[PDB]
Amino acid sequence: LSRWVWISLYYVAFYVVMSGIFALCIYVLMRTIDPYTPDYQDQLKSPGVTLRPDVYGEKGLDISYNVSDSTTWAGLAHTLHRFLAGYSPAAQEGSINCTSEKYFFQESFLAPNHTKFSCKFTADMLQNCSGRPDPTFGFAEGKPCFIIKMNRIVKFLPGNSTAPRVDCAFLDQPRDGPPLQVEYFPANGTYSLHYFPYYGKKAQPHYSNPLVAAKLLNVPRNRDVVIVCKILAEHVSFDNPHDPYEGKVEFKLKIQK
């Protein structure tokens, strides 16, 4: 009659108790945890590299378009617009003109509302590939602009000597033509060292990764080609057979006419 209640109430008792025990495990774990620095960075050995505008195929990044058909590239450009809508002077007020040119170590929290200073990085620094004077970021010409962005890992330092460069070159350079000529923006193709080291989203709520534009100039039309686009910095490795995005980005590209 009334004993299924006396056992089921044992189960609701047992699961409430056990749940609470788990809760206190979480709570106590959430004080192990520093809000500004992750305990271990075990898989972020070297930074990931991402490209933009990213279009993916069966085998990975696969960008393909037709200079004469804006349908096939408006979208591409419109991603580069949306991507850079957060590099506008408008949405860069929370950061400051770093000019230091070497690492921007901060040990205390001297920025508004108990935070740290993050550097400004504005679209117009990509110059020709900034979406002005060309709102198609070089696609309508056949000399497209690919934005390269290095993944941020907290307190990661790329290298003391130079700034990290982006070298971007053919995988198999066509055997009736020359190497890939690229123009980078900024000019050597570098991420300036005052953007490193990243302290975290809580620390620098307004941070924005340095971008480098790669304007590909002499890609032969109507041919399948693959561009490797790796990062040269001392603490940055790009030869990992189980992450092909550690330290680089490969992409296949065909520009049709």
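Each form is matched to the other, and the largest set of C-alpha atoms that superpose within 1.5 Å is called the rigid core. Numbers follow the displayed sequence, beginning with 1.
Engineer: Using RMS Cα distance over all structures and residues, flag whichever of 167 to 175 and 101 to 109 lies farther from this form in 4 other deposited structures of this protein after a core fit.
Structural biologist: When 167 to 175 and 101 to 109 are compared in 4 other deposited structures of this protein, the bigger C-alpha shift is seen for 167 to 175.
Engineer: Comparing 52 to 60 with 204 to 212, which has C-alphas lying farther from the shown form in 4 other deposited structures of this protein once the core is aligned?
Structural biologist: When 52 to 60 and 204 to 212 are compared in 4 other deposited structures of this protein, the bigger C-alpha shift is seen for 52 to 60.
Engineer: Of the two stretches 87 to 95 and 71 to 79, which shows the higher Cα B-factor on average in the entry?
Structural biologist: Of 71 to 79 and 87 to 95, the stretch with the higher C-alpha B-factor average is 87 to 95.
Engineer: Compare the mean C-alpha B-factor of 111 to 119 with that of 131 to 139 as given in the PDB entry, and name the stretch with the higher value.
Structural biologist: The deposited B-factors put 111 to 119 ahead on the C-alpha mean.
Engineer: Name the third of the chain's ranked CA B-factors that contains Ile153, choosing lowest, middle or highest.
Structural biologist: Its C-alpha B-factor, which the entry lists for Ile153, ranks in the lowest third among residues of this chain.
Engineer: Check where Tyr195 lands among this chain's C-alpha B-factors and tell me if it's the lowest, middle or highest third.
Structural biologist: Middle third of the chain for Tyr195's C-alpha B-factor.
Engineer: Could you look up the Cα B-factor of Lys257 in the entry and say which third of the chain it sits in: lowest, middle or highest?
Structural biologist: For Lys257, the deposited C-alpha B-factor lands in the lowest third.
Engineer: Name the third of the chain's ranked CA B-factors that contains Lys59, choosing lowest, middle or highest.
Structural biologist: Tercile = highest for this residue's CA B-factor.
Engineer: Quick check on the deposited entry: does the C-alpha B-factor of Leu51 sit in the lowest, middle or highest third of its chain?
Structural biologist: Lowest third, going by the recorded CA B-factors of the chain.
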